[PDB]
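Participant: experimental structure and its sequence below.
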Amino acid sequence: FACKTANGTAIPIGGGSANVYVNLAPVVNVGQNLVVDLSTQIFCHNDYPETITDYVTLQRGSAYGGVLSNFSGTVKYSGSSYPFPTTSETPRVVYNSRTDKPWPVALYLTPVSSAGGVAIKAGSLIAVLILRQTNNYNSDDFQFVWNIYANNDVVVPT
Ligand SMILES: CCCCCCCO[C@H]1O[C@H](CO)[C@@H](O)[C@H](O)[C@@H]1O
Ligand code: NA
Ligand code: NA
Ligand code: NA
């Protein structure tokens, strides 16, 4: 089991960490959503699906910088929505193919009522999402840590 981003940055067997750089809607008004869809950015596969079933959860999702201060949100994982920052580990998604498939996570953020101006700065860390992988074969229990970075500023009109 291993993962890679849309630009080919990989995290190999055993876990580790990688940066994910995201383009963000440049203008978001109070009452509107900023959607950060990681299903187009993070992909994983099972290396031995003939014998092993891999189990993948969103173990934890934390907010940083402008997302922590200026937005409220939820995280959608494999069809269900949860609070973001997260309060617990999600149920598991099965990875049973050697063909890469997306990690089905997206953040649904909305500016807080008093947000205004440059609500997210270009180059800043916005979130850390931990993918936890286990299996039905041995004791492997690994973390694939995804550091989500903004490619651009996001302005909330005042
Ligand atoms: C004849 C025994 C072969 C043994 C192969 C194990 C390969 O293990 C890797 O691939 C497995 C399948 O993705 C993962 O469950 C495991 O954590 C690790 O990433
Ligand atoms: Na690998
Ligand atoms: Na692995
Ligand atoms: Na093991």
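Facilitator: Perfect, I can see it now. Numbers count the residues shown, from 1 in each chain. Ligands and ions are numbered 1, 2, ... in the order given.
Participant: need the residues of this protein near ligand 4, please.
Facilitator: Where proximity means Cβ under 5 Å from the ion, the interface of the chain facing ligand 4 comprises 138-140. Yep, even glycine has a C-beta here, placed from its N, CA and C like the rest.
Participant: tell me what the residue nearest the centre of the chain is bridged to.
Facilitator: The centroid of the chain falls nearest to residue 129 when counting by Cα atoms, centre = their mean (4.7 Å). Per DSSP bridges, the residues bridged to residue 129 are residue 61, residue 146.
Participant: just residue 150 next, same as before
Facilitator: Counting by DSSP bridges, residue 150 is bridged to residue 22.
Participant: repeat for residue 16
Facilitator: Residues in beta-bridge contact with residue 16 (DSSP bridges): residue 144.
Participant: just the helices in this structure please.
Facilitator: Remark: helices assigned in the chain by DSSP state H are 65-70.
Participant: around ligand 1, which positions in it sit nearby?
Facilitator: Contact residues, the chain versus ligand 1 (Cβ under 6 Å from any ligand atom): 1, 13, 46-48, 52, 54, 135, 137, 140.
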